[PDB]
Amino acid sequence: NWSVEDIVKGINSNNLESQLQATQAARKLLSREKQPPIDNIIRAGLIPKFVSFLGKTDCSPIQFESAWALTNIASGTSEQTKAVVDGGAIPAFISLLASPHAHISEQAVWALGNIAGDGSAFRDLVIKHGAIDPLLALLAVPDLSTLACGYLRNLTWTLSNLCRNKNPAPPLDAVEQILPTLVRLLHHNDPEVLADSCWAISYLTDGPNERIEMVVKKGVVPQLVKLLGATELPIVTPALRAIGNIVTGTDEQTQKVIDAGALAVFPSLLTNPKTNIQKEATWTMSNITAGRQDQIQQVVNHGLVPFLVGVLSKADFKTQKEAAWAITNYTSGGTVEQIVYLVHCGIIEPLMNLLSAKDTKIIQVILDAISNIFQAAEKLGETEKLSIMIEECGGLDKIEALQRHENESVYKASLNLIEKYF
Amino acid sequence: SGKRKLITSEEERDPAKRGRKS
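If you want it as C-alpha cells, here you go:
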C-alpha cells in the first residue's frame, strides 16, 4: 500500500484526480485486516478532507472511496468514531443516501450504521440529523426481493443499530417510524436479513413493558415463533432473545407468546447443543413460570416440566441457575396440584444436588423453592413424606450444613426448615 | 413480580460496528 505521508501529499495536492488516487490508496490501507493505521490517518488530519469529498457530486468515485475510508475509521474505537462525527460526516452521509449510485448510497448506509452503533448519543444524533426518512425511503419498494441482497443486508443492520442501546432507549417516535419497515424485513427470506431484523426486535423489546407493547401490537409474535424453529443458529439466537424479552412483560404479553405456539419448540431449545440457547431458553421458561396459574398449566401440558428437571439435573451451571429460578417461580405461583406434579416428575433430587454449588444466589433461590414446596405439603398434610424424600437423596445433610453458612439469608432459611420440618 | 429482565455484560455482547474489508 502507499505510505500515510504519500496519501497526505496526494490529498493536499488540490488536483482532484491526484486526490482521488490518494483517497483510494487510503481506502485500501484502511481495509487491511491486521491493524489498519486508523490513528495515523486521523493524526494526519485527513478526516475533514474525506468529509469534503463526500460532497463532490461530479466525482462519484471520490465520494465512494472517501465514504469507504470513513466507514472503516468509524468502525473503530469510540474515539475514532468521534473523529468522524467531529469532522461533519453525519449530514454529509445522510445527503449521500439520495445518491443515484447504489454503491454510494449503500456505503453511506454502512457508515451511518457504524456511527449509530457507537452508543445512544451518536444513535440519537444520527436520528436528529434526519437519517430515518431517507433510510426508510430506500426500502419503499413493493417487494423487498427486487433489492440487491448485500444492499438489503446493510440497510437491515444499520436499522438494527438505530434500535440498539439503552440509557436512553431510542426515541419513541423514531421506533414507531421504523417498526413497519422492520416488520417487513422480519418476513423476508434471507437468513442474514432475518437475523439482524430479529436482533432489532430483540433490542426494542428489552426494556419497560410499554416498549414491549409497541412491538407486540405490530403482530410479530407468530413470526418470531416461526423463526425460533429455524435451522440457522444465527436466526434462532435472536428470535429466542426477542421471545425471552417479551415474556418479561405483562401476563397478557406473555400470553401472546404462548398463544402463538412457542412452548412446542422448547423440548428442542431446552436440549439444544449450544449452551447459550439452553441458557436463554431456560431463562425464558423461568419468566413464563413467573406467570399466571393457567400459564404454568400450559407449561405442564406441553410436557416441559420433565425438560426443566433435565436442565436442573445436567447443564452448564449458568443454565442450571436459570432452571432453579424457573422452579422457584413455579412453586411460588403454582397451585398445590401443580407443585405435587413437579415433585412427581423428580425435581427434589436435582434441586438438592445443586445445594452444593458455591454460589450464594442459587442457594437462596433453591431454599426458597424448598420452602414453597413445603408450604404445598402443609396443605396436604404430607410434610413428613417430603422430609423423608429430602433426607433419602442427601438433602438434609446439605441443609443442616447450610446452617453454618456465612450468608445471612442462607443460614436463617436453612435453620427454619430444619426446625419446622426436620 | 417474579419477572426478571435481561442482564448482559460487555464480553457476551458482540460488536455493533463492522468495517468493510473488500
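If you read the sequences in order, they're chains A and B. To convert, note that position 213 of the first sequence is 287 in the entry's author numbering; the numbers rise steadily by one, no gaps. To convert, note that position 1 of the second sequence is 1665 in the entry's author numbering; the numbers rise steadily by one, no gaps. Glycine is no exception: its CB is placed at the ideal position from the N, C-alpha and C atoms.
Which residues in chain A have a C-beta closer than 7 Å to the C-beta of residue i? List them in chain order.
i                      : result
residue 1673 (chain B) : Ordered by position in chain A, no residue passes the 7 Å Cβ test against residue 1673 (chain B), which lies about 12 Å from the chain.
Do you know how far the Cα of residue j is from the Cα of residue i?
i                     : j                     : result
residue 492 (chain A) : residue 442 (chain A) : 14 Å
residue 300 (chain A) : residue 272 (chain A) : 12 Å
residue 400 (chain A) : residue 445 (chain A) : 15 Å
residue 296 (chain A) : residue 429 (chain A) : 39 Å
residue 119 (chain A) : residue 304 (chain A) : 48 Å
residue 281 (chain A) : residue 249 (chain A) : 13 Å
residue 407 (chain A) : residue 358 (chain A) : 16 Å
residue 364 (chain A) : residue 325 (chain A) : 9 Å
residue 104 (chain A) : residue 244 (chain A) : 31 Å
residue 331 (chain A) : residue 123 (chain A) : 52 Å
residue 99 (chain A)  : residue 285 (chain A) : 46 Å
residue 333 (chain A) : residue 287 (chain A) : 16 Å
residue 518 (chain A) : residue 376 (chain A) : The structure shown has nothing for residue 518 (chain A), since chain A only spans 75 to 496.
residue 86 (chain A)  : residue 266 (chain A) : 41 Å
residue 237 (chain A) : residue 274 (chain A) : 6 Å
residue 384 (chain A) : residue 228 (chain A) : 41 Å
residue 329 (chain A) : residue 370 (chain A) : 11 Å
residue 205 (chain A) : residue 188 (chain A) : 13 Å
Is there a Cβ of chain B sitting closer than 9 Å to that of residue i, yes or no?
i                     : result
residue 408 (chain A) : no
residue 315 (chain A) : yes
residue 107 (chain A) : yes
residue 76 (chain A)  : no
residue 342 (chain A) : no
residue 181 (chain A) : yes
residue 281 (chain A) : yes
residue 86 (chain A)  : no
residue 360 (chain A) : yes
residue 191 (chain A) : yes
residue 110 (chain A) : yes
residue 318 (chain A) : yes
residue 104 (chain A) : yes
residue 131 (chain A) : no
residue 393 (chain A) : no
residue 235 (chain A) : yes
residue 161 (chain A) : no
residue 155 (chain A) : yes
residue 241 (chain A) : no
Cβ closer than 9 Å: which chain B residues qualify as neighbours of residue i?
i                     : result
residue 238 (chain A) : 1680
residue 364 (chain A) : 1665, 1666, 1667, 1668
residue 188 (chain A) : 1680, 1681, 1682, 1683
With DSSP as the reference, label residue i as helix, strand or coil.
i                      : result
residue 499 (chain A)  : No answer is possible for residue 499 (chain A): it lies beyond the span of chain A, which begins at 75 and ends at 496.
residue 215 (chain A)  : coil
residue 262 (chain A)  : coil
residue 166 (chain A)  : helix
residue 1680 (chain B) : coil
residue 477 (chain A)  : coil
residue 291 (chain A)  : coil
residue 496 (chain A)  : coil
residue 171 (chain A)  : coil
residue 101 (chain A)  : helix
residue 446 (chain A)  : helix
residue 308 (chain A)  : helix
residue 281 (chain A)  : coil
residue 111 (chain A)  : coil
Run through chain B and tell me which residues come within less than 7 Å of residue i, C-beta to C-beta.
i                     : result
residue 149 (chain A) : 1681, 1682, 1683
residue 446 (chain A) : Ordered by position in chain B, no residue passes the 7 Å Cβ test against residue 446 (chain A), which lies about 11 Å from the chain.
Starting from residue i, find everything on chain B with Cβ-Cβ shorter than 8 Å and list it in chain order.
i                     : result
residue 403 (chain A) : 1666
residue 322 (chain A) : 1667, 1668, 1669, 1670
residue 145 (chain A) : 1683, 1684
Would you say residue i reaches chain E, if we count a Cβ-Cβ gap shorter than 9 Å as a contact?
i                     : result
residue 336 (chain A) : In the displayed structure, chain E is absent; the protein chains listed are A and B.
Should the segment 475-486 of chain A be regarded as contacting the segment 113-123 of chain A, the criterion being three or more beta carbon pairs within less than 8 Å? The segment 475-486 of chain A is not in contact with the segment 113-123 of chain A.
Assess contact between the segment 408-415 of chain A and the segment 460-472 of chain A, defined as three or more Cβ pairs (one per stretch) separated by less than 8 Å. Is contact present? The segment 408-415 of chain A vs the segment 460-472 of chain A: no contact.
Touch test, the segment 186-195 of chain A against the segment 212-227 of chain A, Cβ-Cβ under 8 Å, three pairs minimum: Contact fails: fewer than three Cβ-Cβ distances are below 8 Å.
Is there contact here, the segment 1669-1679 of chain B with the segment 445-459 of chain A, by at least three beta-carbon pairs under 8 Å? Too few Cβ pairs lie closer than 8 Å, so no.
So, do the segment 198-208 of chain A and the segment 140-158 of chain A have three or more beta carbon pairs nearer to each other than 8 Å? With a cut-off of 8 Å, the segment 140-158 of chain A and the segment 198-208 of chain A do not count as touching, because too few Cβ pairs lie within range.
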